[PDB]
Amino acid sequence: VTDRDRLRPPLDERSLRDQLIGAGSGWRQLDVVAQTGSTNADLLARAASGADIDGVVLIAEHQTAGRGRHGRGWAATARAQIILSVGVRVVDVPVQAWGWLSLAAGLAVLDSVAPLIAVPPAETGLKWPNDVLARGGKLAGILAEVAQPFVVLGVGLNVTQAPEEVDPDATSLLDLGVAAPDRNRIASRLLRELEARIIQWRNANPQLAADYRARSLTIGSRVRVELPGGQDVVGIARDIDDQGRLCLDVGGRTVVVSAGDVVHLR
Ligand SMILES: Nc1ncnc2c1ncn2[C@@H]1O[C@H](COS(=O)(=O)NC(=O)CCCC[C@@H]2SC[C@@H]3NC(=O)N[C@@H]32)[C@@H](O)[C@@H]1F
């Protein structure tokens, strides 16, 4: 609404650079753009033209042609979200492990905003693959895309974004009770958490998988999983495997899902 605009000051690119680029940090470049079609598309394009995008950060105040998984979209209004993409060199890591990079990103986003909530409402955590949920609503969405030797990780985090503006199943920090969320502080914490999780992923650190399981809303829940191609499978999510795939219990039979949309059931 018009009133939420007063809760949406611009990002401070100068300050973010000061905090996030320098000794002790792996981020090599940070830019804030007023507007773009898709931050993911932009970093993919840079890589396609020969740019080294490892440790490169692109943040957009507004995104007009946002991309979701499986060809879906991502909606946004100006300054209502933290909208960013980062580049990650992955060629040094076995391809079977790349799926965990996306899971690590969701964990980073969750950890960056979790303390901002006074009372953690029911169902606050990670829905497989890496939706960030709070009170059943989708607080953030992550998209990982390949451009050898890189992966581009994209984060869309609803800070003051109203559900009526983007999606009926959406939520935001503001709609979770955070009266005056500071995107500058949140973006800084997010990128610091993200660096740590990427390093963990790159070194196959056991704590990454352990920390993910600890925050998983999906593991242990009855789910309907919509597979690519339109088929549904119903069962109980039991675990995540070493490729980041979802292990389903279907009446005693194990079904491993590499990609799909999860609906938590009663
Ligand atoms: N702002 C929003 N908040 C919550 N849910 C939203 C939303 N905008 C759209 N949605 C809903 O979520 C669906 C898409 O969800 S999804 O298939 O799991 N995909 C994702 O969650 C990944 C989204 C990644 C968006 C980031 S923002 C910066 C980066 N660049 C880019 O183009 N994409 C990534 C849409 O079909 C539906 F509209």
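Quick note: numbers below take in every heavy atom, side chains included, and nothing from hydrogens, waters or symmetry partners. Note that the numbering runs from 1 along the sequence shown for the chain.
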Colleague: Are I219 and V250 connected in the hydrophobic side-chain network, where two residues link if heavy atoms are under 4.5 Å apart?
Modeller: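 Result: yes, single cluster for both.
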
Colleague: Within the structure provided, determine whether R215 and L107 are in side-chain contact (heavy-atom separation under 4.5 Å).
Modeller: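 They are in side-chain contact.
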
Colleague: Is the shortest side-chain heavy-atom distance between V56 and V86 below 4.5 Å?
Modeller: no

Colleague: State, with a plain yes or no, whether a side-chain heavy atom of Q81 is found less than 4.5 Å away from one of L157.
Modeller: no

Colleague: Determine the minimum heavy-atom distance between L153 and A105, stating which atoms define it.
Modeller: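 Heavy atoms only, the tightest pair is CD1-CB, 4.1 Å.
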
Colleague: Determine the minimum heavy-atom distance between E61 and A34, stating which atoms define it.
Modeller: CB-O, 3.4 Å

Colleague: Taking side chain as C-beta onward, heavy atoms only, is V263 less than 4.5 Å from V223?
Modeller: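 Of all side-chain heavy-atom pairs linking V223 with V263, none is under 4.5 Å.
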
Colleague: Let me see the working for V262 and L246 under side-chain contact (heavy atoms from CB on, under 4.5 Å), right down to the final yes or no.
Modeller: CA-CA 10 Å; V262 175; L246 187 58; 3.9 Å; yes

Colleague: Is the shortest distance from a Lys or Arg side-chain nitrogen in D261 or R224 to a carboxylate oxygen in the other one below 4.0 Å?
Modeller: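 No.
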
Colleague: Closest approach of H70 and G260, non-hydrogen atoms and distance?
Modeller: NE2-N, 4.2 Å

Colleague: State whether a side-chain donor-acceptor pair under 3.5 Å links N205 with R197.
Modeller: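 No - no donor-acceptor pair under 3.5 Å links their side chains.
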
Colleague: Between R4 and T160 (side chain of the first, backbone of the second, donor and acceptor by atom type, cut-off under 3.5 Å), is there such a pair?
Modeller: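 Indeed, once roles are kept as given, a pair shorter than 3.5 Å links the two residues.
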
Colleague: In Å, rounded to the nearest 0.5 Å, how long is the span from CZ of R183 to CD1 of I59?
Modeller: 9.0 Å

Colleague: Before accepting this row, confirm whether a basic side-chain N of the pair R8/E165 lies closer than 4.0 Å to the acidic partner's carboxylate O.
Modeller: yes

Colleague: Search all heavy atoms of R17 against all heavy atoms of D31 and return the closest pair with its distance.
Modeller: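 That closest heavy-atom pairing would be NH2-OD1, 2.9 Å.
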
Colleague: Find out whether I186 and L173 are in side-chain contact, i.e. whether some heavy atom of one side chain is under 4.5 Å from a heavy atom of the other.
Modeller: yes

Colleague: Where is the tightest heavy-atom contact between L217 and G125, given as atom of each residue plus distance?
Modeller: CD1-N, 3.4 Å

Colleague: Mind checking the CG-CG spacing from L84 to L11? Nearest 0.5 Å is all I need.
Modeller: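 These two atoms lie 9.5 Å from each other.
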
Colleague: Do NZ/NE/NH1/NH2 and the carboxylate oxygens of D52 and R28 come within less than 4.0 Å?
Modeller: yes

Colleague: Is the backbone of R202 close enough, under 3.5 Å, to the side chain of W100 for a donor and an acceptor to pair up by distance?
Modeller: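 No, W100 side chain to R202 backbone: no donor-acceptor pair under 3.5 Å.
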
Colleague: Could you tell me whether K138 and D131 make a salt bridge, using a distance below 4.0 angstrom between a side-chain N and a carboxylate O?
Modeller: yes

Colleague: Can you tell if the side chain of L191 reaches within under 4.5 Å of the side chain of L30, non-hydrogen atoms only?
Modeller: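 Yes; the side chains approach each other to less than 4.5 Å.
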
Colleague: Measure the spacing between CZ of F150 and CZ of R89 and express it to the nearest 0.5 Å.
Modeller: 7.0 Å

Colleague: Walk me through whether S258 and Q243 qualify under side-chain contact (heavy atoms from CB on, under 4.5 Å).
Modeller: CA-CA 8 Å; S258 65; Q243 297 188 36; over 6 Å; no

Colleague: When you look at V159 and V178, which way does the side-chain contact (heavy atoms from CB on, under 4.5 Å) test go after all the steps?
Modeller: CA-CA 9 Å; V159 179; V178 185; over 6 Å; no

Colleague: What closest approach, in Å, do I198 and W27 show between heavy atoms, and which atom pair accounts for it?
Modeller: CD1-CH2, 4.2 Å

Colleague: Is the shortest side-chain N to carboxylate O distance from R14 to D18 below 4.0 Å?
Modeller: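 Yes.
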
Colleague: Let's go through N40 and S85 carefully: what are the C-alpha distance in whole Å and the side-chain angles of both, what is the deciding distance for side chain to side chain donor-acceptor pair (under 3.5 Å) to 0.1 Å, and is it a yes or a no?
Modeller: CA-CA 6 Å; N40 260 33; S85 292; 2.5 Å; yes

Colleague: So if you build clusters from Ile, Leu, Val, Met, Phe, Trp, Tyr with side-chain heavy-atom gaps below 4.5 Å, do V109 and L143 land together?
Modeller: no

Colleague: Using a 4.5 Å cut-off on heavy atoms from C-beta on, say whether the side chain of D175 contacts that of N158.
Modeller: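 The answer is no; the side chains never approach within 4.5 Å.
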
Colleague: Quick one: do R213 and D239 make a salt bridge, cutoff under 4.0 Å?
Modeller: yes

Colleague: To the nearest 0.5 angstrom, please state how far the OG atom of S216 sits from the CG atom of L103.
Modeller: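 Reported value, rounded in 0.5 Å steps: 9.5 Å.
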
Colleague: For the residue pair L101 and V90, establish whether any side-chain heavy-atom pair is separated by less than 4.5 Å.
Modeller: yes

Colleague: Where do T77 and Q161 land on the side-chain contact (heavy atoms from CB on, under 4.5 Å) test, with the steps shown first?
Modeller: CA-CA 7 Å; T77 73; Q161 190 81 85; 2.9 Å; yes

Colleague: If only atom types and distance count, is the side chain of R222 paired as donor or acceptor with the main-chain N or O of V234 below 3.5 Å?
Modeller: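 No, because the side chain of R222 does not come within donor-acceptor range (under 3.5 Å) of the backbone of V234.
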
Colleague: Would you call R189 and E193 a salt bridge, using N to O less than 4.0 angstrom?
Modeller: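 No, this pair does not count.
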
Colleague: Would you say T36 and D42 are linked by a side-chain donor-acceptor pair, where the criterion is simply a distance under 3.5 Å?
Modeller: yes

Colleague: More than 12 heavy atoms of other residues, nucleotides or ligands under 6.0 Å from CD of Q148: yes or no?
Modeller: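 For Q148, atom CD is not crowded (no more than 12 foreign heavy atoms under 6.0 Å).
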
